[PDB]
Every structure is written in structure tokens, then in C-alpha cells.
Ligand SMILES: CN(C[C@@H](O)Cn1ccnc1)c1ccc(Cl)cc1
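Only one chain is given next, in C-alpha cells, and it is the form deposited without this ligand.
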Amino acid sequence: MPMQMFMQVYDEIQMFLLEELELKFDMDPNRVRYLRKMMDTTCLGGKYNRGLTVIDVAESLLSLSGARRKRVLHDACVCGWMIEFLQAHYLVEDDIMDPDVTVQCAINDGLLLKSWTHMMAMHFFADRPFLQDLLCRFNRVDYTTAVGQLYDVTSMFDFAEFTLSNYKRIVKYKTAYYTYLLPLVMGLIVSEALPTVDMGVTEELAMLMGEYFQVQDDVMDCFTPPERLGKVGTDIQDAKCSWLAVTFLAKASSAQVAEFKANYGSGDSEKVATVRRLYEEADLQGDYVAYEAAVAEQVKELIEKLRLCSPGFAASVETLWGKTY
């Protein structure tokens, strides 16, 4: 029912956007079908974790606070696709990084996907009292993500910033705010129960869940083989500020740091193996299990503090936490 309703609202959103281009923007059918195929390619196929999180938060707050139910659930699906379209926009920008008309279309796709989040919100929420506050929180989180991207891209340009506090800064602004905090907040807005929650504990939980997700993703990027990871792990070659790098530098000897700095950030298949060997010899996979266990306890305890004043809201946070756990 959740996934089925989510995909049913997707057809409604796509039909409005494409028909609007046909009726108001004077677009020809060849380009309307072109944009339909592009919208399906970039927005459909993932796991829809961000979008479905908005629905799970909304359905809990209406049963644990009747035509208002049907409207809130529909508003959550539109908010769910706002984030999915936003995530589609971010991924398109990633492909541009890694008279050329395909690059021209890629940039155009990114601009269109971002604009579509505004267009679908200005339409389905035209008479909602929260349209202005929803767009401001949405735009501020998008700005936060762009700032987080700047922290990540320049993590090796200005190993000084290879610290655990800067790693959390990258994770907080580039991933945690739009993946964990935003879907939870959007569920509170469509349920109108925004000021009834502790935003401090909620913001704190969103950062810890994103941090837990990123550390696990960093270790899998280095040790999980490509066919089991779904991609080629490239953090070492790209010299990323991963959890493995900042944890190695704190417990390595003065020589192992020199051997790390001489082997990190290279495409040589053996230097990457030299970095993996250094990670192995430091028992980082053992430190990984302990570091994640401590984060998980901070998550388990913070959900209880949020349950005291927002009982039903914490049930969805545990469901969201289970997807990462």
C-alpha cells in the first residue's frame, strides 16, 4: 500500500508537469516524450527510502495525533517525490563531474529536476498554509547540501582536515540533512505537528544516522568486492576524507603515516592495495564494529527522549533507523 500509493502519486505528478509544459510552455510532443523518459530514468529505480520516509511519518501522526487523512497522505507523497526529484537532481550533477550535446542535456536535466520540485510544490500545495515554510526549509536544506559538497570536494585542498570532527561536518551537511532530517521534517509539516517535536533531538538523531550510514559505506567501499558492493570502490584513488582515513591517521606510527601519504590518492592498483594493507594491519575493521556500536547506542537512547513528548513520531524514526541498521 505505501509503495503502491507512492507510485500512483508519481503518475499524477508526472502527468501534471508534462501537461503543463504542453499547455502553458508550448512544448512539442517529441520533447514531452523525451522529458517523460528522462524523468523515469533519473527518478525511478532507486529504493525510495527518502520519499517513503515522509509517508511513514505522516501515517503515524494521523493515527496517533475524516477527510483530513486522505489529504495529509497525499501531501506526504508529493513531499516524498520532492526529495526523490531532488536526489535525482544531485545524481545528475554527479554524472557531469565524472558542441557536446549530451553534456548540454545533462546540465539541462539537472536544472529541470530541481525546478520540478518547486513546480510540483507550488501546485499541489497552492492553498496549503505551509507552502511558504515548506519551500524555505526545502531550499535551506538544498543550500546546506551544496555547502556539504564544498566541504567534501575540498577535503584535500586548501591531510590537515582529515579529522573526525571535519568528517562529521562533511556527513552532516552533504548527506544527513537532506537524507534523514528533511524527510522527517516534511512528514511533520504535512501532518501539521511540526512544533510538537523536539527539533534538537531530531536533528541530533539525523546526524548520527547519517554518520552511521557513511562509516558503513566507507568501509564497504574499501573492502566489499565490486560485484557485492554494486560498484567499484574508488575512495582511495579519489583520496576521499573517509572514516578509514581519519581513523588510520590517529593510530598509525610516524612511518605508516608517511607510507600512507605516499600511497593515498593514486590510481596505481598496488598503491591502493598498499593502503588496504595498511588498513588491515591497523585492525580498522575491528574499530569499525566498535565505533558503529557506540553510535547505535546513542541512536537507541535519543529515540526514547523523543518518545516522551512525541510518542508516535518516534515509531517512524525507529523504522527509518532500521533501514540503516
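The first residue of the shown sequence is 1; numbering continues from there. Think of the rigid core as the biggest set of C-alphas that the two forms share within 1.5 Å after superposition. Residues that one form lacks are left out of the comparison.
Below, we refer to the form deposited with this ligand bound, which is not included among the displayed structures.
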Kindly check, after superposition on the C-alphas around the site, whether this ligand taken in the deposited complex would be blocked here (3 or more of its atoms within 2.4 Å of a backbone or C-beta atom) or open?
blocked
Partner-contacting position among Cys77, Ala245, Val190, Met209 - heavy atom within 4.5 Å of this ligand in the deposited complex
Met209
Taking this ligand in the deposited complex as the reference, which of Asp198, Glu161, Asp217, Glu204 has a non-hydrogen atom within 4.5 Å?
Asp217
Segment assignment from 253-261, 66-74, 49-57, 266-274: heavy atom within 4.5 Å of this ligand in the deposited complex:
49-57
Since only the chain is shown here, I'm wondering whether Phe213 would be in contact with this ligand in the deposited complex (any heavy atom pair within 4.5 Å).
yes
Fitting the two forms on their core, which runs of three or more residues have every Cα moved by 2 Å or more between the shown form and the other one?
322-325
